[PDB]
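> experimental structure and sequence below.
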Amino acid sequence: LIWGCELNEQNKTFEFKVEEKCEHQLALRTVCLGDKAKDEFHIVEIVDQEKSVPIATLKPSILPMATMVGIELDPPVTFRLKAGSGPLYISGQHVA
Amino acid sequence: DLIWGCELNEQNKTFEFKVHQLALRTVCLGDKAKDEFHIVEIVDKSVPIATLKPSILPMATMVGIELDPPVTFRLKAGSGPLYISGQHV
Amino acid sequence: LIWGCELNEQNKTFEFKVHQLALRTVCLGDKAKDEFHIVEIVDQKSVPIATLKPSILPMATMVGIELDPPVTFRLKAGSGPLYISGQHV
Amino acid sequence: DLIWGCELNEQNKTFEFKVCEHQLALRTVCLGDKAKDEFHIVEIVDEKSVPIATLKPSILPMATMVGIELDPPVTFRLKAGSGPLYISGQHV
Amino acid sequence: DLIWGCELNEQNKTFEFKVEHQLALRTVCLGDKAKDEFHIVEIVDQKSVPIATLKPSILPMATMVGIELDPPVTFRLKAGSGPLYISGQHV
């Protein structure tokens, strides 16, 4: 199944988790802005312990999405909107 | 192994791919699309997967996205033409 | 190994003529007019695969598009020169 | 498995990555939101420097790196620009 | 395996990768002083095949995926002044 989250200013941080192990990874597929996103740089980072790794920088009028290739993560994973108001959408898939 | 494609627009905001797996390859705008952000998502949960705008980014390459039918593509925003392309796999 | 064509305003078509073609990139030449070019794959019908435009996106990387002969490439919109590259797989 | 990243910027232009064996697979390069609006170039140093990415905030603020798998130690340097420029990768 | 690259420019429009082992291309990118014009790079099968078009204020680099090449190959700057840089790995 396809997975998605939305990061935005009210909800800057989203923790993806899990009812089974199983060992399934989350493979990122794309990151993309909503069409009422403010016209400013939006930066999405992966958080783990404190270290975060920026992985995408976007801006509506410059670069509104990015294709993610090869990123496979071990749950639990935390995504965070380091900069920007969003909506910023992340998509992915379950992988074995 | 052989090419598939759909078209979404204002009067056709949806396309069900029904009855193997679909590998997406590209999403791109037609040349008369209006100059606005277009968002296409997968519903089966709604998950956006591309945001495009003719004078900013008129296409994207999709990598790794392989889907089991049935899946519906929706144009969450924008009026199209927006084309999705892919391959049976 | 390496292969490519050139579609343009005279030559809108190129037929890849009968194992397997892996597209690599599609890119515009430096004198394409500044307009939307669209390239579709035609079958034995039609699936737009790249939208480009010199001052917006003048090339794209193709990933995962592997084709069985025959297949034809059409310059649906635009003057060209537009170049496709590929590799026999 | 675990995600890796580094920040190259004007103060710290060079970042040396050091570790049963394990390559570093790069995933993305991207600019910070206060980077100056100028071209940033990043290169791998081994002395021969090979540039791998050029970015600029108002033109192309990030890129996806595909297939670049490196054997430690690797050195990243900011050939141009002041950053922040962020690199992400995975142990593989 | 190991990192390879070359600089192509107006004075040196060609670079020949010379001789088992293929070259997997990774990126192409422009220098911060390239002029603001379309640069094109093609593989010369010595049919030259363009593989990239870039321009500093529109698109200053691109990611190559799946291009693996047997030497001898030659890369040619079909337009543009450069510096244009190409990167790759021996696979």
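That came through, no problem. Numbers count the residues shown, from 1 in each chain, chains lettered A, B, ... in the order given.

> and the helix or strand residue A:30 falls within with strand D:24-31, angle?
Element membership for residue A:30 (DSSP states H and E) is strand A:25-33. Compare the direction of strand A:25-33 with that of strand D:24-31 by axes from the mean of the first three to the mean of the last three C-alpha atoms, to 10 degrees and you get 20 degrees.

> now for strand A:25-33, which elements pack on it?
Judged by 3 or more C-beta pairs under 8 Å, 6 or more residues apart in numbering or on different chains; DSSP states H and E, strand A:25-33 is in contact with strand A:51-58, strand A:65-67, strand A:72-73, strand A:88-95, strand B:46-52. In short, each C-beta sits where N, CA and C put it, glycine included.

> nearest to residue D:7, out of these?
The minimum distance between residue D:7 and the helices and strands packed on strand A:25-33 falls on strand A:51-58, with 8.1 Å, by C-beta to C-beta.

> okay, now the sheet partners of that closest one, with direction.
Sheet partners assigned to strand A:51-58 using DSSP bridges are listed as strand A:42-48 (antiparallel).

> so which bits of the strand it pairs with are buried?
By 16 or more other C-beta atoms under 10 Å in any protein chain shown, the buried positions in strand A:42-48 come out as A:42-47.

> which of the residues you listed sits closest to residue A:17?
When these are compared for distance to residue A:17 (C-beta to C-beta), residue A:47 wins out at 13.5 Å.

> doesn't residue A:81 make contact with that closest one?
No. In this structure, residue A:47 is not within contact of residue A:81 by C-beta atoms under 8 Å, at 10.8 Å.

> give me the common contacts of these two.
residue A:13 (C-beta atoms under 8 Å, 6 or more residues apart in numbering or on different chains).

> quick one, what contacts residue A:88?
Shown here is residue A:88, whose contacts under the criterion C-beta under 8 Å, 6+ apart are A:6-8, A:31-34, A:37, A:42, A:44, A:58, A:81.

> please list only the buried members of those.
By neighbour count, with 16+ other C-beta under 10 Å, the contacts of residue A:88 hold A:7-8, A:31-34, A:37, A:42, A:44, A:58, A:81 as buried.

> how distant is stretch A:8-19 from the center of its chain?
Between the centre of stretch A:8-19 and the centre of its chain there are 9 Å (C-alpha atoms, centre = their mean, to the nearest Å).

> in it, what counts as buried?
Within stretch A:8-19, the residues that qualify as buried are A:8, A:12, A:14, counting by 16+ other C-beta under 10 Å.

> up against chain D, what does chain A have?
Residues of chain A that fall close to chain D, judged by C-beta under 8 Å from any C-beta of the partner chain: A:40-41, A:43, A:46, A:48, A:51-59, A:62-63, A:66-74, A:83-84.

> filter these down to the buried ones, PyMOL style.
Here is the PyMOL command that picks out the buried ones among these, judged by 16+ other C-beta under 10 Å:
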select buried, chain A and resi 41+43+46+52+53+54+55+56+57+58+59+62+63+66+67+68+69+70+71+72+73+83+84
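
> how long is stretch A:64-71 from one end to the other?
Using C-alpha to C-alpha, to the nearest Å, one end of stretch A:64-71 lies 19 Å from the other.

> also stretch A:49-68?
Distance across stretch A:49-68, first residue to last, is 23 Å (C-alpha to C-alpha).

> point me to the residue of chain A nearest chain E.
With C-beta to the nearest C-beta, the shortest gap between chain A and chain E falls at residue A:69, namely 8.0 Å.

> contact partners for that residue?
Counting by C-beta under 8 Å, 6+ apart, residue A:69 touches B:63-64, C:63, D:27, D:64, D:66.

> apply 6 Å and report the result again.
Applying C-beta atoms under 6 Å, 6 or more residues apart in numbering or on different chains to residue A:69 gives the contacts B:63, D:64, D:66.

> now swap in residue A:72 and tell me
With C-beta under 6 Å, 6+ apart, residue A:72 has these contacts: A:25, A:27, A:95.

> what's around the last one, how many residues?
In this case it means residue A:95. Here the count is done by other C-beta atoms under 10 Å in any protein chain shown, and residue A:95 has 11 residues near it.

> skipping adjacent residues, who's closest to the closest residue to chain D within chain A in space?
Minimum separation of chain A from chain D (C-beta to the nearest C-beta) falls at residue A:53, amounting to 3.2 Å. Nearest non-adjacent residue to residue A:53, counting by C-beta to C-beta, 6 or more residues apart in numbering or on different chains: residue D:5, 3.2 Å away.

> for that neighbour, name its beta-bridge partners.
Following DSSP bridges, residue D:5 is listed with bridge partners residue D:88.

> and for stretch A:76-87, what are the contacting residues?
A:6-9, A:12-17, A:34, A:38, A:40-45, A:47, D:33.

> now it: buried residues?
Judged by neighbour count using 16+ other C-beta under 10 Å, the buried positions of stretch A:76-87 are A:77, A:79-87.

> kindly check the end-to-end length of it for me.
22 Å.

> out of the buried ones among the contacts of residue A:88, which is nearest to chain B?
residue A:32 (4.0 Å).
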